[PDB]
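Student: File follows, coords_24.cif with mmCIF, C-alpha atoms:
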data_my_file
#
loop_
_atom_site.label_atom_id
_atom_site.label_comp_id
_atom_site.auth_asym_id
_atom_site.auth_seq_id
_atom_site.Cartn_x
_atom_site.Cartn_y
_atom_site.Cartn_z
CA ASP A 1 -0.44 -18.98 -1.83
CA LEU A 2 -0.24 -15.73 -3.91
CA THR A 3 -3.94 -15.24 -4.94
CA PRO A 4 -5.31 -11.64 -4.57
CA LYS A 5 -7.50 -10.98 -1.49
CA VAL A 6 -10.23 -8.64 -2.85
CA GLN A 7 -12.61 -6.31 -0.90
CA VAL A 8 -15.38 -4.10 -2.45
CA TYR A 9 -16.62 -1.07 -0.45
CA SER A 10 -17.85 2.57 -0.67
CA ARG A 11 -16.03 5.74 0.58
CA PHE A 12 -19.12 7.13 2.43
CA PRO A 13 -22.12 5.07 3.80
CA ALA A 14 -24.26 4.15 0.74
CA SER A 15 -27.53 6.03 -0.01
CA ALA A 16 -29.71 5.96 -3.18
CA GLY A 17 -29.24 9.16 -5.22
CA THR A 18 -26.34 10.47 -3.04
CA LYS A 19 -22.88 10.89 -4.72
CA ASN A 20 -20.24 8.31 -3.65
CA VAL A 21 -16.91 6.59 -4.59
CA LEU A 22 -16.72 2.80 -5.22
CA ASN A 23 -13.40 1.28 -4.06
CA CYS A 24 -11.93 -2.12 -5.02
CA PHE A 25 -8.80 -3.20 -3.11
CA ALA A 26 -6.73 -6.31 -3.97
CA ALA A 27 -3.71 -7.37 -1.84
CA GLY A 28 -1.20 -10.20 -1.26
CA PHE A 29 -0.58 -10.98 -4.97
CA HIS A 30 2.51 -11.73 -7.14
CA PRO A 31 3.40 -11.17 -10.09
CA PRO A 32 2.34 -7.44 -10.08
CA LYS A 33 0.43 -7.71 -13.44
CA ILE A 34 -3.29 -7.49 -12.50
CA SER A 35 -6.61 -6.52 -14.19
CA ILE A 36 -9.00 -4.90 -11.66
CA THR A 37 -12.24 -3.49 -13.20
CA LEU A 38 -15.26 -1.86 -11.46
CA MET A 39 -18.55 -3.00 -13.06
CA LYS A 40 -22.13 -1.63 -13.00
CA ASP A 41 -24.72 -4.30 -14.06
CA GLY A 42 -22.04 -6.44 -15.79
CA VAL A 43 -20.45 -3.51 -17.75
CA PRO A 44 -17.36 -1.30 -16.83
CA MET A 45 -17.97 1.86 -14.73
CA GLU A 46 -16.75 4.64 -17.15
CA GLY A 47 -13.79 6.73 -15.80
CA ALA A 48 -12.08 4.66 -13.06
CA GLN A 49 -8.88 5.91 -11.36
CA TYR A 50 -5.98 3.48 -10.71
CA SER A 51 -3.89 4.33 -7.59
CA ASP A 52 -0.05 4.06 -7.45
CA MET A 53 1.10 0.41 -7.00
CA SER A 54 2.58 -0.61 -3.61
CA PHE A 55 4.10 -3.72 -1.92
CA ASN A 56 4.74 -4.81 1.71
CA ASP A 57 7.71 -6.53 3.53
CA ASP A 58 6.82 -10.01 2.10
CA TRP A 59 7.18 -8.50 -1.48
CA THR A 60 3.42 -9.10 -2.17
CA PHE A 61 1.70 -6.34 -4.23
CA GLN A 62 -1.47 -4.27 -3.54
CA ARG A 63 -3.64 -1.98 -5.74
CA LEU A 64 -6.75 0.23 -5.17
CA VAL A 65 -9.22 1.13 -7.97
CA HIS A 66 -11.70 3.96 -7.25
CA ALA A 67 -14.41 5.71 -9.33
CA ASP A 68 -17.04 8.41 -8.61
CA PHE A 69 -20.56 6.90 -8.81
CA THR A 70 -24.23 7.40 -7.79
CA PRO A 71 -25.71 4.18 -6.25
CA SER A 72 -29.22 3.32 -7.52
CA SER A 73 -31.80 0.73 -6.35
CA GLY A 74 -32.13 -2.33 -8.62
CA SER A 75 -28.54 -2.00 -9.93
CA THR A 76 -25.84 -4.61 -9.13
CA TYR A 77 -22.30 -3.26 -8.45
CA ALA A 78 -19.33 -5.68 -8.61
CA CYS A 79 -15.52 -5.88 -9.13
CA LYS A 80 -13.84 -8.12 -11.78
CA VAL A 81 -10.29 -9.30 -10.89
CA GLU A 82 -8.00 -11.14 -13.38
CA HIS A 83 -4.62 -12.61 -12.27
CA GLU A 84 -2.07 -15.32 -13.33
CA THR A 85 -2.60 -17.20 -9.99
CA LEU A 86 -6.39 -17.47 -10.65
CA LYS A 87 -7.68 -20.08 -13.17
CA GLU A 88 -10.96 -18.18 -13.86
CA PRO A 89 -11.79 -14.40 -13.54
CA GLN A 90 -13.08 -13.64 -10.00
CA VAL A 91 -16.17 -11.40 -9.53
CA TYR A 92 -16.78 -9.80 -6.08
CA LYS A 93 -20.28 -8.33 -5.46
CA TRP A 94 -20.62 -5.07 -3.48
CA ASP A 95 -23.12 -5.17 -0.58
CA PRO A 96 -24.94 -1.76 -0.61
CA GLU A 97 -26.17 -2.18 3.03
CA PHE A 98 -29.30 0.09 2.85
CA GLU B 1 6.53 10.44 18.24
CA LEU B 2 6.85 7.66 15.60
CA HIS B 3 7.86 8.92 12.11
CA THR B 4 8.73 6.65 9.13
CA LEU B 5 10.17 7.22 5.61
CA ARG B 6 9.94 4.39 3.04
CA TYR B 7 10.96 4.32 -0.65
CA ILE B 8 9.85 1.36 -2.81
CA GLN B 9 11.07 0.58 -6.36
CA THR B 10 9.55 -1.81 -8.98
CA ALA B 11 11.14 -2.88 -12.33
CA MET B 12 8.96 -5.10 -14.60
CA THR B 13 9.33 -6.95 -17.95
CA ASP B 14 5.54 -7.62 -18.12
CA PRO B 15 3.72 -4.50 -16.71
CA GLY B 16 1.78 -5.34 -19.01
CA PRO B 17 -0.76 -3.59 -21.30
CA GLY B 18 -0.92 0.22 -21.00
CA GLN B 19 1.17 0.25 -17.78
CA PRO B 20 4.68 1.66 -16.97
CA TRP B 21 7.57 -0.86 -16.56
CA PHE B 22 9.32 1.24 -13.85
CA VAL B 23 7.18 2.44 -10.87
CA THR B 24 8.59 4.02 -7.65
CA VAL B 25 6.85 5.81 -4.71
CA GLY B 26 7.67 7.37 -1.31
CA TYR B 27 5.88 7.26 2.07
CA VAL B 28 5.83 9.62 5.11
CA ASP B 29 4.08 7.93 8.14
CA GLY B 30 2.38 5.48 5.71
CA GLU B 31 1.03 8.31 3.49
CA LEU B 32 1.84 8.54 -0.27
CA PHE B 33 3.63 11.88 -1.02
CA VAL B 34 5.89 11.33 -4.13
CA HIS B 35 5.45 9.31 -7.39
CA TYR B 36 7.47 8.46 -10.57
CA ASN B 37 6.66 6.28 -13.62
CA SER B 38 8.65 5.34 -16.80
CA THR B 39 5.86 6.75 -19.07
CA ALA B 40 5.58 10.32 -17.60
CA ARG B 41 9.36 10.50 -16.69
CA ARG B 42 8.76 13.22 -14.01
CA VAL B 43 8.45 13.23 -10.17
CA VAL B 44 4.89 14.45 -9.31
CA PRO B 45 3.68 15.29 -5.72
CA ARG B 46 0.73 13.31 -4.26
CA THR B 47 -0.06 15.64 -1.29
CA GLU B 48 -0.91 19.40 -1.08
CA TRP B 49 1.63 20.01 1.76
CA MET B 50 4.43 18.58 -0.46
CA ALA B 51 3.80 20.85 -3.52
CA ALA B 52 3.21 24.07 -1.46
CA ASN B 53 6.48 23.72 0.56
CA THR B 54 8.97 22.61 -2.18
CA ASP B 55 10.36 24.66 -5.13
CA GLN B 56 11.03 23.78 -8.84
CA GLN B 57 14.78 23.20 -8.01
CA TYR B 58 13.86 20.21 -5.75
CA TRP B 59 11.41 18.58 -8.25
CA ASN B 60 13.91 18.84 -11.15
CA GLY B 61 16.74 17.45 -8.96
CA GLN B 62 14.74 14.45 -7.63
CA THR B 63 13.73 13.36 -11.21
CA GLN B 64 17.41 12.79 -12.21
CA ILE B 65 18.16 10.72 -9.04
CA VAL B 66 15.29 8.39 -10.14
CA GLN B 67 16.20 8.62 -13.90
CA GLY B 68 19.61 7.12 -13.05
CA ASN B 69 17.94 4.37 -10.93
CA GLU B 70 15.60 3.62 -13.92
CA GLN B 71 18.72 3.02 -16.12
CA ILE B 72 20.35 0.80 -13.40
CA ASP B 73 17.16 -1.35 -13.08
CA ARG B 74 16.88 -1.57 -16.94
CA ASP B 75 20.40 -3.11 -17.15
CA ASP B 76 19.82 -5.26 -14.00
CA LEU B 77 16.71 -6.94 -15.56
CA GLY B 78 18.94 -8.23 -18.39
CA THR B 79 21.98 -8.98 -16.15
CA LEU B 80 19.93 -11.11 -13.68
CA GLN B 81 18.21 -13.05 -16.53
CA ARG B 82 21.69 -14.23 -17.73
CA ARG B 83 22.69 -15.35 -14.17
CA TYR B 84 19.48 -17.43 -13.67
CA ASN B 85 19.77 -18.67 -17.35
CA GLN B 86 16.36 -17.33 -18.50
CA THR B 87 15.48 -16.41 -22.13
CA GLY B 88 12.40 -14.28 -21.32
CA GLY B 89 9.01 -14.20 -19.58
CA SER B 90 7.55 -12.25 -16.63
CA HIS B 91 10.30 -11.04 -14.22
CA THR B 92 10.14 -8.41 -11.43
CA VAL B 93 12.93 -6.61 -9.48
CA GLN B 94 11.76 -5.07 -6.15
CA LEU B 95 13.66 -2.70 -3.81
CA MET B 96 12.59 -1.52 -0.32
CA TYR B 97 14.65 0.98 1.74
CA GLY B 98 14.16 3.65 4.42
CA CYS B 99 14.53 4.89 8.01
CA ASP B 100 12.27 4.72 11.10
CA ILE B 101 12.32 7.15 14.07
CA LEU B 102 11.10 5.01 17.02
CA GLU B 103 9.28 6.25 20.20
CA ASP B 104 12.42 5.51 22.33
CA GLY B 105 14.57 7.75 20.05
CA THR B 106 16.32 4.82 18.27
CA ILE B 107 16.91 5.28 14.49
CA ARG B 108 16.47 2.06 12.42
CA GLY B 109 17.90 1.88 8.88
CA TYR B 110 17.02 -0.85 6.33
CA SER B 111 17.72 -1.74 2.65
CA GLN B 112 16.31 -4.97 1.09
CA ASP B 113 16.18 -6.28 -2.52
CA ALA B 114 14.25 -9.10 -4.31
CA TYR B 115 13.99 -10.94 -7.68
CA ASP B 116 10.63 -12.54 -8.71
CA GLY B 117 9.20 -12.13 -5.17
CA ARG B 118 12.17 -13.90 -3.48
CA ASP B 119 14.95 -12.26 -1.36
CA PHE B 120 18.20 -11.28 -3.14
CA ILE B 121 20.43 -8.74 -1.27
CA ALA B 122 19.77 -7.43 2.28
CA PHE B 123 22.00 -4.67 3.74
CA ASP B 124 23.39 -5.13 7.28
CA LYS B 125 24.10 -1.71 8.89
CA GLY B 126 26.05 -3.24 11.81
CA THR B 127 28.55 -5.52 9.99
CA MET B 128 28.65 -3.10 6.94
CA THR B 129 28.23 -6.09 4.52
CA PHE B 130 25.52 -7.07 1.98
CA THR B 131 23.84 -10.41 2.91
CA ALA B 132 23.18 -12.87 0.03
CA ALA B 133 19.99 -15.00 0.30
CA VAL B 134 20.40 -16.83 -3.07
CA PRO B 135 23.59 -18.24 -4.80
CA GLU B 136 22.96 -15.81 -7.74
CA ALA B 137 23.38 -12.85 -5.29
CA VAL B 138 27.08 -13.74 -4.54
CA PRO B 139 28.51 -11.76 -7.61
CA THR B 140 26.49 -8.67 -6.46
CA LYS B 141 27.77 -9.20 -2.84
CA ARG B 142 31.42 -9.42 -4.06
CA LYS B 143 31.10 -6.29 -6.31
CA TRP B 144 29.31 -4.04 -3.74
CA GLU B 145 31.82 -4.92 -0.95
CA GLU B 146 35.11 -4.09 -2.81
CA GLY B 147 33.87 -0.68 -4.01
CA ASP B 148 32.84 0.39 -0.44
CA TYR B 149 29.30 1.38 -1.65
CA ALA B 150 28.03 0.34 1.84
CA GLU B 151 29.60 3.54 3.35
CA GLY B 152 27.50 5.82 1.09
CA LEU B 153 24.33 3.76 1.78
CA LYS B 154 24.98 3.91 5.60
CA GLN B 155 25.47 7.72 5.24
CA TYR B 156 22.02 7.94 3.53
CA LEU B 157 19.97 5.79 6.02
CA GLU B 158 21.49 7.53 9.11
CA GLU B 159 21.83 11.16 7.87
CA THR B 160 20.11 11.99 4.49
CA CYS B 161 16.94 9.89 5.22
CA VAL B 162 16.43 11.34 8.77
CA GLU B 163 17.07 15.02 7.74
CA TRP B 164 14.52 14.85 4.86
CA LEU B 165 11.85 12.89 6.87
CA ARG B 166 12.06 15.51 9.70
CA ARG B 167 11.45 18.24 7.05
CA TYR B 168 8.47 16.37 5.41
CA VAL B 169 6.81 15.94 8.86
CA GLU B 170 7.23 19.74 9.44
CA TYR B 171 5.67 20.45 5.97
CA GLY B 172 2.59 18.28 6.66
CA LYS B 173 2.23 18.89 10.44
CA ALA B 174 -1.55 19.63 10.21
CA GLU B 175 -2.23 16.83 7.63
CA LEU B 176 -0.29 13.92 9.26
CA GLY B 177 -1.31 14.81 12.84
CA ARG B 178 -5.04 15.22 12.03
CA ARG B 179 -7.91 13.24 13.63
CA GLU B 180 -10.77 12.04 11.34
CA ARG B 181 -13.93 10.48 12.86
CA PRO B 182 -15.24 7.23 11.25
CA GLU B 183 -18.83 6.78 9.98
CA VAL B 184 -20.05 3.49 11.50
CA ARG B 185 -22.89 1.43 9.94
CA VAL B 186 -24.30 -1.82 11.44
CA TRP B 187 -26.27 -4.23 9.17
CA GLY B 188 -27.62 -7.74 9.81
CA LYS B 189 -28.30 -10.57 7.32
CA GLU B 190 -30.24 -13.77 8.18
CA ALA B 191 -29.51 -16.96 6.14
CA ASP B 192 -29.64 -20.76 6.93
CA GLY B 193 -30.47 -20.12 10.63
CA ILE B 194 -27.43 -17.81 11.07
CA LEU B 195 -27.63 -14.02 11.73
CA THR B 196 -24.49 -12.29 10.35
CA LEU B 197 -23.95 -8.85 11.97
CA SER B 198 -21.65 -6.54 9.96
CA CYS B 199 -19.92 -3.47 11.48
CA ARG B 200 -18.37 -1.13 8.87
CA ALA B 201 -16.23 2.01 9.54
CA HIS B 202 -15.91 4.67 6.76
CA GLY B 203 -13.17 7.31 6.18
CA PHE B 204 -10.98 7.47 9.35
CA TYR B 205 -7.44 8.92 9.99
CA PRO B 206 -4.89 7.83 11.38
CA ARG B 207 -4.63 4.15 10.25
CA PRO B 208 -4.68 2.35 13.74
CA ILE B 209 -8.21 1.20 14.75
CA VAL B 210 -9.66 -1.41 17.20
CA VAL B 211 -13.10 -2.75 16.11
CA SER B 212 -14.56 -5.41 18.47
CA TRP B 213 -17.96 -7.15 18.81
CA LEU B 214 -19.62 -7.35 22.26
CA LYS B 215 -22.42 -9.69 23.48
CA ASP B 216 -24.22 -8.73 26.76
CA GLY B 217 -21.35 -6.28 27.52
CA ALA B 218 -18.63 -8.98 27.14
CA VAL B 219 -16.24 -9.02 24.12
CA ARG B 220 -16.50 -11.93 21.58
CA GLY B 221 -13.16 -12.47 19.78
CA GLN B 222 -12.69 -15.91 18.09
CA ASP B 223 -16.15 -15.72 16.37
CA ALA B 224 -15.41 -12.31 14.72
CA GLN B 225 -14.04 -12.18 11.12
CA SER B 226 -12.19 -9.03 9.93
CA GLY B 227 -10.83 -7.81 6.57
CA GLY B 228 -8.07 -5.66 8.10
CA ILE B 229 -7.49 -1.94 7.44
CA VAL B 230 -8.10 -1.10 3.73
CA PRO B 231 -7.35 2.38 2.20
CA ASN B 232 -9.52 5.00 0.41
CA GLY B 233 -8.59 7.13 -2.64
CA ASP B 234 -8.55 10.41 -0.61
CA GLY B 235 -6.01 9.31 2.06
CA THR B 236 -8.57 8.03 4.62
CA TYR B 237 -9.05 4.39 5.79
CA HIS B 238 -11.82 1.71 5.87
CA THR B 239 -12.48 -1.53 7.90
CA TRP B 240 -15.19 -4.23 8.40
CA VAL B 241 -15.78 -6.82 11.18
CA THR B 242 -18.50 -9.53 10.85
CA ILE B 243 -19.84 -11.94 13.52
CA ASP B 244 -22.03 -15.08 13.25
CA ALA B 245 -24.89 -15.16 15.81
CA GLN B 246 -28.11 -17.10 16.62
CA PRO B 247 -31.34 -15.56 15.14
CA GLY B 248 -33.12 -13.55 17.85
CA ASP B 249 -29.95 -12.32 19.62
CA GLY B 250 -29.16 -9.25 17.43
CA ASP B 251 -30.19 -6.68 20.10
CA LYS B 252 -27.71 -8.28 22.61
CA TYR B 253 -24.80 -7.49 20.20
CA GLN B 254 -22.93 -4.14 20.16
CA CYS B 255 -20.00 -2.94 17.99
CA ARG B 256 -17.19 -1.05 19.82
CA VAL B 257 -14.96 1.29 17.75
CA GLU B 258 -11.66 2.44 19.36
CA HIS B 259 -9.97 5.32 17.47
CA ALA B 260 -7.74 8.36 18.28
CA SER B 261 -10.35 10.80 16.79
CA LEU B 262 -13.06 9.58 19.23
CA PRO B 263 -12.42 10.79 22.85
CA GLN B 264 -14.33 7.75 24.25
CA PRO B 265 -14.99 4.37 22.45
CA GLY B 266 -18.16 4.62 20.35
CA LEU B 267 -20.86 1.96 20.85
CA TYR B 268 -23.06 1.05 17.84
CA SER B 269 -25.84 -1.51 17.12
CA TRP B 270 -28.22 -2.59 14.28
CA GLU B 271 -30.94 -0.43 16.06
CA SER C 1 14.70 12.14 -0.90
CA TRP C 2 15.38 9.02 -3.05
CA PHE C 3 18.79 7.33 -2.75
CA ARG C 4 21.00 7.60 -5.86
CA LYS C 5 22.18 4.01 -6.60
CA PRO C 6 26.00 4.16 -6.98
CA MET C 7 26.33 0.76 -8.80
CA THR C 8 24.49 -1.92 -10.87
CA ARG C 9 23.87 -5.49 -9.56
#
Now that the file is in, can you turn its structure into structure tokens?

Tutor:
Amino acid sequence: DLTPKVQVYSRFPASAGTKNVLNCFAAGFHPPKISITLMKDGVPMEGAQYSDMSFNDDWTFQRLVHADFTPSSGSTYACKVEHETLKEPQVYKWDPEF
Amino acid sequence: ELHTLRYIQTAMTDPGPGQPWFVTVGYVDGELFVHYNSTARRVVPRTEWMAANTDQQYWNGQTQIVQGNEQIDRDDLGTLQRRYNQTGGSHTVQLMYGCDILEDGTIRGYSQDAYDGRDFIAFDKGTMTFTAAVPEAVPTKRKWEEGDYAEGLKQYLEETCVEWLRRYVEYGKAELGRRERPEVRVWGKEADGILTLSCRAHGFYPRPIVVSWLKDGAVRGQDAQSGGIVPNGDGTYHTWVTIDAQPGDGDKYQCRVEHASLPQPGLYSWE
Amino acid sequence: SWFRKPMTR
């Protein structure tokens, strides 16, 4: 009904050793209170920037969380999302595609 | 040429931890240009074309227009709780207003309000009356109609909104009207006798994009799953389209990307 | 420019 639809992706096509930005976008959620955290191997990804909160015509909220990172082989990158509509915290794994 | 100006307002009782209770932003053609929060208490630009074209007089003046709205929403959070007979808890007041300059020259003005994600007061520009969606919106409807506040709001959406939007478009002519080429990557994954072909587009501008999967030169629609158009932190956009196929048919599949930056639709494959 | 709200709800 009002659960957040989460997508994990990179700014530029992923390459090992090359500088990139890891984005986590959640949309279609209400109430606005949300906990979106970018994680590297099950631990938060240092200095993450939280973009200005927005909502569409149906009054459902959306938020983007981005952080500068260097993708490395053998490291698992994921996004932890906590919301009132969800019973348990949802973890979304990032597919490196390389 | 289509040009839109949208201003959204959010008043919260449960932000919650380390977050501002009052957040409000502006949009020019879907791009974030102005921001205000209850913690900082100052209007800060979000685009380079906005800061370089406006003076200190404008930034100081805009802050007080919002500061007054912050006070109004602070009182309204308490006023609406008494009407619905609520002691406390998580409550949100949302406001959406703006003007749209259509391709046919028609100017569309709108002003909508909501309480806890459900419609409250919607302004009707034609009848010059505030429409009530809930029975708790009737005292607001009665108050806003006697005082003729609809005349000042109609003056804004038709005159003030259009004049400023036309100036903002002129300030960011090179930024809003730019063409940014997307970086397309095609990757396949085989599991349980199903080959999933993923087509991902990175960092394109403007927002409209048509990504379609083709098999033997013919488009395959119903089988394709998309995640829509998602944004990036630098103002660019992202999208992904996946298709389920039989193993040993990957070479027959081709991803077609239709964008304004590309002169002809780009054809990509897993190679 | 933001609209200055002329009245409370």

Student: Place a sphere of radius 12 Å on (28.0, 8.5, -9.1) in the file coordinates and name every protein, DNA or RNA residue with an atom inside or on its surface, counting only C-alpha atoms; give the answer as a PyMOL selection string.

Tutor: (chain B and resi 64-65+68-69+72+149+152) or (chain C and resi 3-8)

Student: Identify all chain B residues at most 10 Å from chain C by counting all atoms listed in the file; ligands do not count. Present them as a PyMOL selection string.

Tutor: chain B and resi 5-8+24-26+34+58+61-77+79-80+97-98+121+137+139-141+143-144+147+149-150+152-153+156-157+160-165+168

Student: Determine which residues of chain B sit within 6 Å of chain A, taking into account all atoms listed in the file, and present them as a short mmCIF file (atom, residue, chain, number, x, y, z; two decimals) with C-alpha atoms, keeping the file's coordinate frame.

Tutor:
data_model
loop_
_atom_site.label_atom_id
_atom_site.label_comp_id
_atom_site.auth_asym_id
_atom_site.auth_seq_id
_atom_site.Cartn_x
_atom_site.Cartn_y
_atom_site.Cartn_z
CA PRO B 15 3.72 -4.50 -16.71
CA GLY B 117 9.20 -12.13 -5.17
CA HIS B 202 -15.91 4.67 6.76
#

Student: Could you pull the residues within 9 Å of residue 15 (chain A), counting all atoms listed in the file, minus those fewer than 5 positions along the same chain, as a list in words?

Tutor: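 Here the qualifying residues turn out to be residues 20, 70, 71, 72, 96, 97 and 98 of chain A.
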
Student: What does the distance between CA of residue 94 (chain A) and CA of residue 245 (chain B) come to in Å, to one decimal place?

Tutor: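 Going from CA of residue 94 (chain A) over to CA of residue 245 (chain B) covers 22.2 Å.
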
Student: Translate the PyMOL selection byres ((chain B and resi 220) around 12), as applied to the file shown, into an explicit residue set as a list in words.

Tutor: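 Output from the PyMOL selection byres ((chain B and resi 220) around 12), applied to this file: residues 211, 212, 213, 214, 215, 216, 217, 218, 219, 221, 222, 223, 224, 225, 241, 242, 243, 244, 245, 252, 253, 254, 255 and 256 of chain B.
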
Student: Would you mind reading off the distance between CA of residue 234 (chain B) and CA of residue 175 (chain B), one decimal, in Å?

Tutor: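 We find that CA of residue 234 (chain B) and CA of residue 175 (chain B) lie 12.2 Å from each other.
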
Student: Neighbouring residues of residue 178 (chain B) were defined as those with any atom within 9 Å, considering all atoms listed in the file; residues of the same chain fewer than 5 positions away were excluded. Please report them as a PyMOL selection string.

Tutor: chain B and resi 173+205-206+261

Student: What box, with edges along x, y and z, holds each listed atom of region 249-253 of chain B when 4 Å is added on every side, and can you state its centre and edge lengths in Å to one decimal, as AutoDock Vina command-line options?

Tutor:
--center_x -27.5 --center_y -9.5 --center_z 20.0 --size_x 13.4 --size_y 13.6 --size_z 13.2

Student: Please compute the CA of residue 39 (chain A)-CA of residue 40 (chain B) distance, one decimal, in Å.

Tutor: 27.9 Å

Student: Which residues, named as in the file, does the PyMOL selection byres ((chain A and resi 92) around 8) pick out? Answer as a list in words.

Tutor: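 That expression, the PyMOL selection byres ((chain A and resi 92) around 8), corresponds here to residues 6, 7, 8, 78, 79, 80, 90, 91, 93 and 94 of chain A.
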
Student: Near residue 203 (chain B), within 6 Å and counting all atoms listed in the file, which residues show up once chain neighbours fewer than 5 positions away are dropped, as a list in words?

Tutor: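 In the requested format, the answer is residues 182, 236, 237 and 238 of chain B.
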
Student: Could you give me, as a list in words, the residues within 10 Å of residue 176 (chain B), counting only C-alpha atoms and dropping anything in the same chain fewer than 4 positions from it?

Tutor: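 The residues satisfying every condition are residues 3, 28, 29, 30, 31, 49, 168, 169, 170, 171, 172, 205 and 206 of chain B.
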
Student: Could you give me, as number ranges by chain, the residues that sit within 6 Å of (15.4, -8.2, -5.8) in the file's coordinates, counting all atoms listed in the file?

Tutor: B: 93-94, 113-115, 120
